[PDB]
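Structure below is query.pdb: PDB, C-alpha atoms.
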```
ATOM      1  CA  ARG K   3     -76.367 -24.683  27.330  1.00  0.00           C
ATOM      2  CA  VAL K   4     -73.058 -26.560  27.348  1.00  0.00           C
ATOM      3  CA  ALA K   5     -70.381 -23.968  26.387  1.00  0.00           C
ATOM      4  CA  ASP K   6     -67.862 -26.766  25.698  1.00  0.00           C
ATOM      5  CA  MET K   7     -68.578 -27.304  21.976  1.00  0.00           C
ATOM      6  CA  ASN K  31     -25.629  -7.414   6.491  1.00  0.00           C
ATOM      7  CA  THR K  32     -22.973  -7.153   9.199  1.00  0.00           C
ATOM      8  CA  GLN K  33     -23.074  -3.878  11.136  1.00  0.00           C
ATOM      9  CA  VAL K  34     -21.115  -2.210  13.940  1.00  0.00           C
TER      10      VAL K  34
ATOM     11  CA  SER S 109      -8.836   5.514   1.356  1.00  0.00           C
ATOM     12  CA  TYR S 110     -10.266   3.088   3.866  1.00  0.00           C
ATOM     13  CA  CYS S 111     -12.481   0.350   2.469  1.00  0.00           C
ATOM     14  CA  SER S 112     -16.159   1.259   2.348  1.00  0.00           C
ATOM     15  CA  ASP S 113     -18.932  -0.941   3.715  1.00  0.00           C
ATOM     16  CA  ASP S 114     -20.099  -1.806   0.199  1.00  0.00           C
ATOM     17  CA  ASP S 115     -16.671  -2.893  -1.046  1.00  0.00           C
ATOM     18  CA  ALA S 116     -15.666  -4.755   2.116  1.00  0.00           C
ATOM     19  CA  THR S 117     -16.808  -8.346   2.575  1.00  0.00           C
ATOM     20  CA  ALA S 118     -14.991  -9.372   5.766  1.00  0.00           C
ATOM     21  CA  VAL S 119     -17.357  -9.021   8.705  1.00  0.00           C
ATOM     22  CA  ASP S 120     -14.723  -8.480  11.412  1.00  0.00           C
ATOM     23  CA  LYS S 121     -13.738  -4.876  11.985  1.00  0.00           C
ATOM     24  CA  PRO S 122     -10.150  -4.272  10.826  1.00  0.00           C
ATOM     25  CA  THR S 123      -7.494  -2.519  12.862  1.00  0.00           C
ATOM     26  CA  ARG S 124      -6.300   0.886  11.637  1.00  0.00           C
ATOM     27  CA  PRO S 125      -3.070   1.791  13.471  1.00  0.00           C
ATOM     28  CA  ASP S 126      -2.492   4.758  11.124  1.00  0.00           C
ATOM     29  CA  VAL S 127       0.527   6.209  12.948  1.00  0.00           C
ATOM     30  CA  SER S 128       2.618   3.126  13.665  1.00  0.00           C
ATOM     31  CA  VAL S 129       2.047   1.544  10.252  1.00  0.00           C
ATOM     32  CA  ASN S 130       1.197   4.642   8.148  1.00  0.00           C
ATOM     33  CA  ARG S 131       4.629   6.269   8.026  1.00  0.00           C
ATOM     34  CA  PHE S 132       7.625   6.535   5.719  1.00  0.00           C
ATOM     35  CA  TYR S 133       9.898   3.483   5.821  1.00  0.00           C
ATOM     36  CA  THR S 134      13.347   3.761   4.241  1.00  0.00           C
ATOM     37  CA  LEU S 135      14.187   0.463   2.560  1.00  0.00           C
ATOM     38  CA  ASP S 136      17.694   0.518   1.104  1.00  0.00           C
ATOM     39  CA  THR S 137      20.199   2.564  -0.865  1.00  0.00           C
ATOM     40  CA  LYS S 138      20.741   0.752  -4.183  1.00  0.00           C
ATOM     41  CA  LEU S 139      23.661   2.238  -6.106  1.00  0.00           C
ATOM     42  CA  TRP S 140      23.045   3.669  -9.575  1.00  0.00           C
ATOM     43  CA  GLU S 141      25.860   2.888 -12.015  1.00  0.00           C
ATOM     44  CA  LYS S 142      26.499   3.843 -15.623  1.00  0.00           C
ATOM     45  CA  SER S 143      25.826   0.217 -16.635  1.00  0.00           C
ATOM     46  CA  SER S 144      22.943  -0.243 -14.183  1.00  0.00           C
ATOM     47  CA  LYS S 145      19.866  -2.060 -15.490  1.00  0.00           C
ATOM     48  CA  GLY S 146      17.227  -1.239 -12.877  1.00  0.00           C
ATOM     49  CA  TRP S 147      15.441  -2.731  -9.875  1.00  0.00           C
ATOM     50  CA  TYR S 148      11.913  -3.586  -8.807  1.00  0.00           C
ATOM     51  CA  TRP S 149      10.288  -3.661  -5.379  1.00  0.00           C
ATOM     52  CA  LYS S 150       7.111  -5.634  -4.696  1.00  0.00           C
ATOM     53  CA  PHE S 151       4.516  -4.172  -2.352  1.00  0.00           C
ATOM     54  CA  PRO S 152       3.773  -4.794   0.481  1.00  0.00           C
ATOM     55  CA  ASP S 153       6.387  -7.556   0.311  1.00  0.00           C
ATOM     56  CA  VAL S 154       9.015  -4.858   0.894  1.00  0.00           C
ATOM     57  CA  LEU S 155       7.375  -4.022   4.242  1.00  0.00           C
ATOM     58  CA  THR S 156       6.515  -7.600   5.222  1.00  0.00           C
ATOM     59  CA  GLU S 157       9.224  -8.168   7.849  1.00  0.00           C
ATOM     60  CA  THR S 158       9.933  -4.720   9.295  1.00  0.00           C
ATOM     61  CA  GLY S 159       8.017  -2.217  11.397  1.00  0.00           C
ATOM     62  CA  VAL S 160       4.611  -2.318  13.028  1.00  0.00           C
ATOM     63  CA  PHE S 161       3.277  -2.541   9.474  1.00  0.00           C
ATOM     64  CA  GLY S 162       5.329  -5.705   9.055  1.00  0.00           C
ATOM     65  CA  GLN S 163       4.047  -7.129  12.333  1.00  0.00           C
ATOM     66  CA  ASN S 164       0.439  -6.329  11.392  1.00  0.00           C
ATOM     67  CA  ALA S 165       0.901  -7.876   7.942  1.00  0.00           C
ATOM     68  CA  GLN S 166       2.362 -11.031   9.492  1.00  0.00           C
ATOM     69  CA  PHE S 167      -0.303 -11.210  12.210  1.00  0.00           C
ATOM     70  CA  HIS S 168      -3.380 -10.483  10.064  1.00  0.00           C
ATOM     71  CA  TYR S 169      -4.656 -12.531   7.143  1.00  0.00           C
ATOM     72  CA  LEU S 170      -6.305  -9.567   5.421  1.00  0.00           C
ATOM     73  CA  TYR S 171      -4.436  -6.419   4.442  1.00  0.00           C
ATOM     74  CA  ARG S 172      -5.469  -3.245   2.640  1.00  0.00           C
ATOM     75  CA  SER S 173      -3.421  -0.068   2.281  1.00  0.00           C
ATOM     76  CA  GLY S 174      -2.368   2.593  -0.144  1.00  0.00           C
ATOM     77  CA  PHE S 175       1.232   3.664  -0.477  1.00  0.00           C
ATOM     78  CA  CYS S 176       3.236   6.879  -0.780  1.00  0.00           C
ATOM     79  CA  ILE S 177       6.436   5.841  -2.547  1.00  0.00           C
ATOM     80  CA  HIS S 178       9.142   8.524  -2.419  1.00  0.00           C
ATOM     81  CA  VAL S 179      12.084   7.348  -4.519  1.00  0.00           C
ATOM     82  CA  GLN S 180      15.104   9.562  -3.868  1.00  0.00           C
ATOM     83  CA  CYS S 181      18.212   9.904  -6.028  1.00  0.00           C
ATOM     84  CA  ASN S 182      20.467  12.904  -5.417  1.00  0.00           C
ATOM     85  CA  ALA S 183      23.128  13.832  -7.950  1.00  0.00           C
ATOM     86  CA  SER S 184      25.059  16.990  -8.706  1.00  0.00           C
ATOM     87  CA  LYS S 185      24.258  19.495 -11.441  1.00  0.00           C
ATOM     88  CA  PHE S 186      27.112  18.011 -13.504  1.00  0.00           C
ATOM     89  CA  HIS S 187      25.552  14.534 -13.340  1.00  0.00           C
ATOM     90  CA  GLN S 188      23.063  13.363 -15.951  1.00  0.00           C
ATOM     91  CA  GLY S 189      20.541  10.565 -16.315  1.00  0.00           C
ATOM     92  CA  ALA S 190      16.849   9.872 -15.823  1.00  0.00           C
ATOM     93  CA  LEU S 191      15.003   7.118 -13.983  1.00  0.00           C
ATOM     94  CA  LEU S 192      11.551   5.772 -14.777  1.00  0.00           C
ATOM     95  CA  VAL S 193      10.058   5.468 -11.308  1.00  0.00           C
ATOM     96  CA  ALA S 194       6.828   3.630 -12.090  1.00  0.00           C
ATOM     97  CA  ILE S 195       4.214   1.639 -10.188  1.00  0.00           C
ATOM     98  CA  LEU S 196       3.304  -1.531 -12.072  1.00  0.00           C
ATOM     99  CA  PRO S 197       0.173  -3.164 -10.610  1.00  0.00           C
ATOM    100  CA  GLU S 198       0.271  -6.970 -10.461  1.00  0.00           C
ATOM    101  CA  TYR S 199       3.858  -7.052 -11.743  1.00  0.00           C
ATOM    102  CA  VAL S 200       4.095 -10.757 -12.528  1.00  0.00           C
ATOM    103  CA  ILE S 201       7.704 -11.816 -13.080  1.00  0.00           C
ATOM    104  CA  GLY S 202       8.453 -14.051 -16.041  1.00  0.00           C
ATOM    105  CA  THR S 203      11.619 -15.961 -16.858  1.00  0.00           C
ATOM    106  CA  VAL S 204      13.834 -16.476 -19.885  1.00  0.00           C
ATOM    107  CA  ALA S 205      12.229 -19.955 -20.162  1.00  0.00           C
ATOM    108  CA  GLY S 206      15.702 -21.413 -20.582  1.00  0.00           C
ATOM    109  CA  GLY S 207      16.512 -18.830 -23.257  1.00  0.00           C
ATOM    110  CA  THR S 208      15.146 -21.005 -26.062  1.00  0.00           C
ATOM    111  CA  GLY S 209      11.617 -20.579 -24.695  1.00  0.00           C
ATOM    112  CA  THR S 210      11.003 -24.325 -24.270  1.00  0.00           C
ATOM    113  CA  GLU S 211      11.472 -24.917 -20.535  1.00  0.00           C
ATOM    114  CA  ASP S 212       8.360 -23.585 -18.685  1.00  0.00           C
ATOM    115  CA  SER S 213      10.558 -22.276 -15.888  1.00  0.00           C
ATOM    116  CA  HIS S 214       9.100 -20.207 -13.068  1.00  0.00           C
ATOM    117  CA  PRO S 215      10.809 -17.440 -11.093  1.00  0.00           C
ATOM    118  CA  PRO S 216      11.944 -18.320  -7.561  1.00  0.00           C
TER     119      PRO S 216
END
```
Take the structure I supplied and represent it as structure tokens, if you would.
Amino acid sequence: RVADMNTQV
Amino acid sequence: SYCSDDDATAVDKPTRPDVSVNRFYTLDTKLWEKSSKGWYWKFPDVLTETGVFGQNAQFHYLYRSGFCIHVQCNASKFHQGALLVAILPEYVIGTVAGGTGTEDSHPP
């Protein structure tokens, strides 16, 4: 009731 | 052949002129005598300061090329003699070491 709790080209 | 990707370590792409640097260069015309001993040419030191190949070798740190050496010696059919035209890899020059072998001299 709260709902807050490798180099390439 | 050109260096493969596996063999090459440098990451920058090299330049391949291939028509300005891959061509026959005529070095010199050393005279063969009856008492001649022989000569050696170091590669690519021979092509270091001439041609587009020379400019590319001077401008670039890294170099890789094959070579097509065409040694020419024309003589008549009444002349005789044979030359050993050979390619010696890593031809390190030694000295006489002062003749007696106790000088540790190095070639210039």
Contact set, chain K to chain S: 9 Å, all atoms listed in the file, as a PyMOL selection string
chain K and resi 31-34
Length of the CA of residue 157 (chain S) to CA of residue 196 (chain S) vector [Å]:
21.8 Å
Residue nearest residue 188 (chain S) among S:134, S:141, S:164, S:147 (counting all atoms listed in the file)
S:141
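Once the PyMOL selection byres ((chain S and resi 135) around 10) is applied to the depicted file, the selected set reads residues 132, 133, 134, 136, 137, 138, 149, 154, 155 and 158 of chain S.
For the atom pair formed by CA of residue 198 (chain S) and CA of residue 161 (chain S), the distance is 20.6 Å, given to one decimal.
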Within 12 Å of (-8.7, 3.5, 2.7), in the coordinates the file gives, what residues turn up when you count only C-alpha atoms, written out as an mmCIF file with C-alpha atoms, in the coordinates of the input?
```cif
data_model
loop_
_atom_site.group_PDB
_atom_site.id
_atom_site.type_symbol
_atom_site.label_atom_id
_atom_site.label_comp_id
_atom_site.auth_asym_id
_atom_site.auth_seq_id
_atom_site.Cartn_x
_atom_site.Cartn_y
_atom_site.Cartn_z
ATOM 1 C CA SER S 109 -8.836 5.514 1.356
ATOM 2 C CA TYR S 110 -10.266 3.088 3.866
ATOM 3 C CA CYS S 111 -12.481 0.350 2.469
ATOM 4 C CA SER S 112 -16.159 1.259 2.348
ATOM 5 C CA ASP S 113 -18.932 -0.941 3.715
ATOM 6 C CA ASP S 115 -16.671 -2.893 -1.046
ATOM 7 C CA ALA S 116 -15.666 -4.755 2.116
ATOM 8 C CA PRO S 122 -10.150 -4.272 10.826
ATOM 9 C CA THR S 123 -7.494 -2.519 12.862
ATOM 10 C CA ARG S 124 -6.300 0.886 11.637
ATOM 11 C CA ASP S 126 -2.492 4.758 11.124
ATOM 12 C CA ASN S 130 1.197 4.642 8.148
ATOM 13 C CA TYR S 171 -4.436 -6.419 4.442
ATOM 14 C CA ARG S 172 -5.469 -3.245 2.640
ATOM 15 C CA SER S 173 -3.421 -0.068 2.281
ATOM 16 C CA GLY S 174 -2.368 2.593 -0.144
ATOM 17 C CA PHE S 175 1.232 3.664 -0.477
#
```
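Note that the spacing between CA of residue 193 (chain S) and CA of residue 180 (chain S) amounts to 9.9 Å.
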List as a PyMOL selection string: which residues have an atom within 9 Å of (3.0, -2.3, 13.7), counting all atoms listed in the file?
chain S and resi 125+127-129+158-165
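Remark: for residue 197 (chain S), the closest of the candidate residues S:145, S:168, S:131, S:150 is S:150 (distances computed over all atoms listed in the file).
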Incomplete region 185-209 of chain S filled out to N, CA, C and O atoms as a compact mmCIF listing (two decimals), keeping the file's coordinate frame:
```
# COMPACT_ATOMS: atom_id res chain seq x y z
N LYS S 185 24.70 18.84 -10.22
CA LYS S 185 24.26 19.50 -11.44
C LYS S 185 25.12 19.14 -12.64
O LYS S 185 24.74 19.45 -13.77
N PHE S 186 26.28 18.52 -12.42
CA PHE S 186 27.11 18.01 -13.50
C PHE S 186 26.87 16.54 -13.79
O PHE S 186 27.49 15.98 -14.70
N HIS S 187 25.98 15.89 -13.04
CA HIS S 187 25.55 14.53 -13.34
C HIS S 187 24.35 14.57 -14.28
O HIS S 187 23.59 15.54 -14.31
N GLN S 188 24.19 13.49 -15.04
CA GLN S 188 23.06 13.36 -15.95
C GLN S 188 22.47 11.97 -15.84
O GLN S 188 23.09 11.04 -15.31
N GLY S 189 21.25 11.83 -16.34
CA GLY S 189 20.54 10.56 -16.32
C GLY S 189 19.12 10.75 -15.82
O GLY S 189 18.82 11.68 -15.07
N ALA S 190 18.24 9.87 -16.26
CA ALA S 190 16.85 9.87 -15.82
C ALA S 190 16.43 8.46 -15.44
O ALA S 190 16.87 7.48 -16.05
N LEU S 191 15.57 8.38 -14.44
CA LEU S 191 15.00 7.12 -13.98
C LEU S 191 13.51 7.11 -14.25
O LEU S 191 12.83 8.13 -14.06
N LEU S 192 12.99 5.97 -14.69
CA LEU S 192 11.55 5.77 -14.78
C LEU S 192 11.11 5.13 -13.47
O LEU S 192 11.17 3.92 -13.30
N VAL S 193 10.66 5.96 -12.54
CA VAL S 193 10.06 5.47 -11.31
C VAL S 193 8.58 5.25 -11.60
O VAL S 193 7.82 6.20 -11.78
N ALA S 194 8.18 3.98 -11.68
CA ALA S 194 6.83 3.63 -12.09
C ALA S 194 6.26 2.57 -11.16
O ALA S 194 7.00 1.77 -10.58
N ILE S 195 4.94 2.58 -11.03
CA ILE S 195 4.21 1.64 -10.19
C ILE S 195 3.47 0.69 -11.12
O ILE S 195 2.51 1.09 -11.78
N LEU S 196 3.92 -0.56 -11.18
CA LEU S 196 3.30 -1.53 -12.07
C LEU S 196 2.39 -2.44 -11.27
O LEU S 196 2.89 -3.30 -10.53
N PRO S 197 1.07 -2.30 -11.38
CA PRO S 197 0.17 -3.16 -10.61
C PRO S 197 0.19 -4.59 -11.12
O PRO S 197 0.16 -4.83 -12.33
N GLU S 198 0.22 -5.53 -10.18
CA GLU S 198 0.27 -6.97 -10.46
C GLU S 198 1.45 -7.32 -11.37
O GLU S 198 1.30 -7.97 -12.40
N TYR S 199 2.64 -6.88 -10.96
CA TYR S 199 3.86 -7.05 -11.74
C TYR S 199 4.31 -8.51 -11.63
O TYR S 199 5.13 -8.88 -10.79
N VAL S 200 3.76 -9.34 -12.51
CA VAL S 200 4.10 -10.76 -12.53
C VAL S 200 5.43 -10.95 -13.23
O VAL S 200 5.61 -10.51 -14.38
N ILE S 201 6.36 -11.60 -12.56
CA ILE S 201 7.70 -11.82 -13.08
C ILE S 201 7.70 -13.06 -13.96
O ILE S 201 7.24 -14.13 -13.54
N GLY S 202 8.20 -12.92 -15.18
CA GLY S 202 8.45 -14.05 -16.04
C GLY S 202 9.93 -14.40 -16.06
O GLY S 202 10.77 -13.70 -15.50
N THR S 203 10.24 -15.50 -16.72
CA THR S 203 11.62 -15.96 -16.86
C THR S 203 12.03 -15.95 -18.32
O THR S 203 11.24 -15.67 -19.22
N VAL S 204 13.31 -16.28 -18.54
CA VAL S 204 13.83 -16.48 -19.89
C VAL S 204 13.36 -17.78 -20.51
O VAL S 204 13.59 -17.99 -21.70
N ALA S 205 12.71 -18.64 -19.72
CA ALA S 205 12.23 -19.95 -20.16
C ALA S 205 13.37 -20.79 -20.74
O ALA S 205 13.21 -21.47 -21.76
N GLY S 206 14.52 -20.74 -20.09
CA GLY S 206 15.70 -21.41 -20.58
C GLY S 206 16.37 -20.74 -21.76
O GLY S 206 17.25 -21.34 -22.37
N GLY S 207 15.98 -19.52 -22.08
CA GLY S 207 16.51 -18.83 -23.26
C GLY S 207 15.87 -19.22 -24.57
O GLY S 207 15.43 -18.35 -25.33
N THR S 208 15.79 -20.52 -24.85
CA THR S 208 15.15 -21.00 -26.06
C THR S 208 13.63 -20.93 -26.00
O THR S 208 12.97 -21.12 -27.03
N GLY S 209 13.06 -20.67 -24.82
CA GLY S 209 11.62 -20.58 -24.70
C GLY S 209 10.89 -21.90 -24.62
O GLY S 209 9.68 -21.94 -24.87
```
